[PDB]
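Structure below.
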């Protein structure tokens, strides 16, 4: 039984429980105790900002690396939507990078 996959553009609902896979386009180490880490998630359907709470006790993510987020909840940030990770949540590294980068291709890199 695989988990329910939800797309960023399919959010249109805060406080929703689902599972999403994305890469960290940018990371920011937080020094405040309330917030542990915050960055951006690069999904093939778009991008979204997420924040990890210290009460989650989760390891730091690697920039440019793909990450799988299971059992997460959507938070309502002012006018924009954001994904908040807390306890019960899990994170697994994927050896299959996601596009998030396709617009030009001359000959070969």
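Numbering (the authors' numbering), first residue to last: 1 to 109.
Beta carbons: idealized from backbone N, C-alpha and C, even for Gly.
Hey, out of the options, whose CA is closest to residue i's CA?
| i | options | result |
| --- | --- | --- |
| residue 83 | 109, 74 and 108 | 74 |
| residue 113 | 49, 43 and 60 | What is shown of the chain runs 1 to 109, which leaves residue 113 out entirely. |
| residue 49 | 86, 91, 1 and 77 | 77 |
| residue 23 | 105, 92 and 103 | 92 |
| residue 30 | 3, 106, 87 and 60 | 60 |
| residue 8 | 27, 67 and 46 | 46 |
| residue 41 | 99, 106, 16 and 105 | 99 |
Helix or strand or just coil, what does DSSP make of residue i?
| i | result |
| --- | --- |
| residue 79 | coil |
Whole angstroms is fine: what's the gap from residue i's alpha carbon to residue j's?
| i | j | result |
| --- | --- | --- |
| residue 5 | residue 108 | 33 Å |
| residue 51 | residue 69 | 12 Å |
| residue 80 | residue 12 | 10 Å |
| residue 18 | residue 72 | 6 Å |
| residue 57 | residue 32 | 14 Å |
Would you say residue i lies against chain B (beta-carbon separation less than 8 Å)?
| i | result |
| --- | --- |
| residue 6 | Although the question refers to chain B, the structure presented lacks it and comprises just one protein chain. |
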